[PDB]
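A short write-up of the structure that comes next.
The numbers here are math on the coordinates, done by the rules we state, and not lab data. Virtual Cβ from ideal backbone geometry, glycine too; neighbours counted across all protein chains shown.
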Amino acid sequence: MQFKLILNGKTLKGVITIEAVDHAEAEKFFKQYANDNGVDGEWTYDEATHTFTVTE
Ligand code: NA
Ligand SMILES: [Zn+2]
């Protein structure tokens, strides 16, 4: 399945899309991406479009 993260950072904007075998793995990956990049924001998830957003 495809999933998307929209990053609405203070000085970094982004869109990333992944291929993930299940919903848990996509969640886990975007968790780890958050820890790895020091992302501190408010999160949403839209199941209809498989879209996470994070807004710093
Ligand atoms: Na930023
Ligand atoms: Zn789904």
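Descriptive notes on the structure:
- Residue count, the range 41-56 (criterion: within 15 Å of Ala26 (Cβ to Cβ), within 16 Å of ligand 1 (Cβ to nearest atom) and of a type in the set (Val, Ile, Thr)): 2
- Residues of the range 16-56 that are surrounded by 11 or more Cβ atoms within 10 Å (Cβ to Cβ) and aliphatic (A, V, I, L, M): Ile16, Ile18, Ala20, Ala26, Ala34, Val39, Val54.
- Pairs, first more than 17 Å from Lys31 (Cβ to Cβ) in the range 1-14, second loosely packed, with under 10 Cβ neighbours inside 10 Å and among the hydroxyl-bearing types (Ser, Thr, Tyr), C-beta under 8 Å, six or more apart: none
- Check on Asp46, charged (D, E, K, R) and touching a residue at least 12 places away in the same chain (Cβ under 8 Å): no
- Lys28 vs. criteria assigned to a helix (DSSP H, G or I) and not hydrophobic (A, V, I, L, M, F, W, C): yes
- Entry remark, the range 1-14: residues being surrounded by 10 or more Cβ atoms within 10 Å (Cβ to Cβ), away from ligand 2 (no atom under 15 Å from the Cβ) and assigned to a strand (DSSP E or B) number 4 in total.
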